[PDB]
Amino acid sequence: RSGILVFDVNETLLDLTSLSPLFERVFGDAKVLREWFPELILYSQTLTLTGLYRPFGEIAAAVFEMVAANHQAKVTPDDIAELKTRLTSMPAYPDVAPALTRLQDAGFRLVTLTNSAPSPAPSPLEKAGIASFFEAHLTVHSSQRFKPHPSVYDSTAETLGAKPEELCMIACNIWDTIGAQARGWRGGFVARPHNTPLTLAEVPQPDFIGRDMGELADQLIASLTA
């Protein structure tokens, strides 16, 4: 009815800071999370630019091992298993289910789009208890390229039988919203902890912005009556 809302999963719906204890233990410093995460995103975009594809979790593991090496911190097979456990089981932010309920009440169709590879059941969203809010769960698999590559958004729009104008990408990552907006979608930014929007000339700013998912849901619903 009101449009289609496409949500980034990792960091946006599900809380990345749940990984902090792994970094605290391995590195003696939970802040190394903020080093490792942009390196993972960087390498995913690098493979994409160079015409290579490996599943996101494989890149996550390799980047963890590299960051460990960069800090000279010891890493075991058990640590890599733990990384997998945590990365695939990040809990939902507690503002999410409430916000999605109201967006659903307002007639918005809700979809997920993730860099993560299609997962066997139960998925991260199923574990977090929020999967059934969404009519589709899409990933970069069919594109074999990572965000913000144009093929990801175009294939998503194609799969959903939707025009770019009907779509809004929702994320706490400005790189994800820019990717979608470059393809003529709208963008909605949600400002999670340690995530503020990048501001740079010539770079489209989000259409909607909220300090949390509740606030974002508010202005998305409000935009219907304006």
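Sequential numbering from 1, following the sequence displayed.
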Do the CA atoms of 72-80 or those of 133-141 have the higher mean B-factor in the entry?
72-80
Mean Cα B-factor check, 117-125 vs 144-152, entry values; winner is 117-125
Options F27, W175, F189, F37 - largest CA temperature factor per the record
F27
Lowest, middle or highest third: which one holds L49 when the chain's residues are ordered by CA B-factor from the entry?
lowest
Considering only modelled residues of the same chain, in which third does the CA B-factor of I4 rank: lowest, middle or highest?
middle
Comparing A62 with the other modelled residues of its chain, is its CA B-factor in the lowest, middle or highest third?
middle
Of the three thirds of the chain ranked by Cα temperature factor, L13 occupies the lowest
B-factor third for the C-alpha atom of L22 within its chain
middle
